[PDB]
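Contents: one structure, followed by commentary.
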Amino acid sequence: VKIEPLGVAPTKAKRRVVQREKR
């Protein structure tokens with residue numbers, strides 16, 4: 001669950017990634 005704020009906003013990953021990545 002990694003997201004890369006570098007300017008890549010993955011709609012799919014982000015959703016899932018955000019929940020984890022962001023608690």
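Going by the structure tokens order, chains are called A, B, ..., each with residues numbered from 1, while ligands are numbered from 1 in the order shown.
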
- [ ] Quick one: everything within 9 Å of residue A:18, counting only C-alpha atoms, minus sequence neighbours fewer than 5 positions away in the same chain. Send it as JSON, numbers by chain.
- [x] {"A": [1, 2, 3, 13, 23]}

Keeping only C-alpha atoms, take the residues you just selected and write them out as a compact mmCIF listing (two decimals), in the first residue's frame.
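Below is the file part_17.txt, written as the result:
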# COMPACT_ATOMS: atom_id res chain seq x y z
CA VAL A 1 0.00 0.00 0.00
CA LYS A 2 2.15 2.60 -1.27
CA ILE A 3 1.31 5.75 -2.63
CA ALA A 13 -4.51 2.24 -5.35
CA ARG A 23 -4.78 5.71 9.18

- [ ] Pull the alpha helix (DSSP H) assignments for chain A out of DSSP run on the backbone, and list those residues as a ChimeraX atom specification.
- [x] /A:11-21

Let me see the file: selected residues, N, CA and C atoms, as an mmCIF file, in the first residue's frame.
data_model
loop_
_atom_site.group_PDB
_atom_site.id
_atom_site.type_symbol
_atom_site.label_atom_id
_atom_site.label_comp_id
_atom_site.auth_asym_id
_atom_site.auth_seq_id
_atom_site.Cartn_x
_atom_site.Cartn_y
_atom_site.Cartn_z
ATOM 1 N N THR A 11 -6.151 6.353 -8.620
ATOM 2 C CA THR A 11 -7.531 6.266 -8.150
ATOM 3 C C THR A 11 -7.834 4.944 -7.456
ATOM 4 N N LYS A 12 -7.340 3.872 -8.016
ATOM 5 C CA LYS A 12 -7.580 2.542 -7.458
ATOM 6 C C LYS A 12 -6.726 2.263 -6.250
ATOM 7 N N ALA A 13 -5.443 2.514 -6.408
ATOM 8 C CA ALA A 13 -4.511 2.238 -5.351
ATOM 9 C C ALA A 13 -4.712 3.159 -4.224
ATOM 10 N N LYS A 14 -4.925 4.389 -4.557
ATOM 11 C CA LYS A 14 -5.098 5.398 -3.571
ATOM 12 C C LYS A 14 -6.186 5.120 -2.610
ATOM 13 N N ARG A 15 -7.227 4.584 -3.106
ATOM 14 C CA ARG A 15 -8.326 4.271 -2.274
ATOM 15 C C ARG A 15 -7.993 3.295 -1.284
ATOM 16 N N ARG A 16 -7.383 2.306 -1.781
ATOM 17 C CA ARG A 16 -7.045 1.273 -0.972
ATOM 18 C C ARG A 16 -5.797 1.544 -0.218
ATOM 19 N N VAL A 17 -4.949 2.291 -0.832
ATOM 20 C CA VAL A 17 -3.692 2.598 -0.261
ATOM 21 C C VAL A 17 -3.871 3.604 0.849
ATOM 22 N N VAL A 18 -4.714 4.585 0.601
ATOM 23 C CA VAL A 18 -4.937 5.638 1.565
ATOM 24 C C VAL A 18 -5.440 5.076 2.884
ATOM 25 N N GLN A 19 -6.342 4.142 2.822
ATOM 26 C CA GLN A 19 -6.922 3.584 4.038
ATOM 27 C C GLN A 19 -5.850 3.014 4.912
ATOM 28 N N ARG A 20 -4.909 2.366 4.290
ATOM 29 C CA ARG A 20 -3.852 1.783 5.048
ATOM 30 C C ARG A 20 -2.777 2.731 5.347
ATOM 31 N N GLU A 21 -2.341 3.355 4.273
ATOM 32 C CA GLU A 21 -1.259 4.263 4.350
ATOM 33 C C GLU A 21 -1.635 5.324 5.318
#
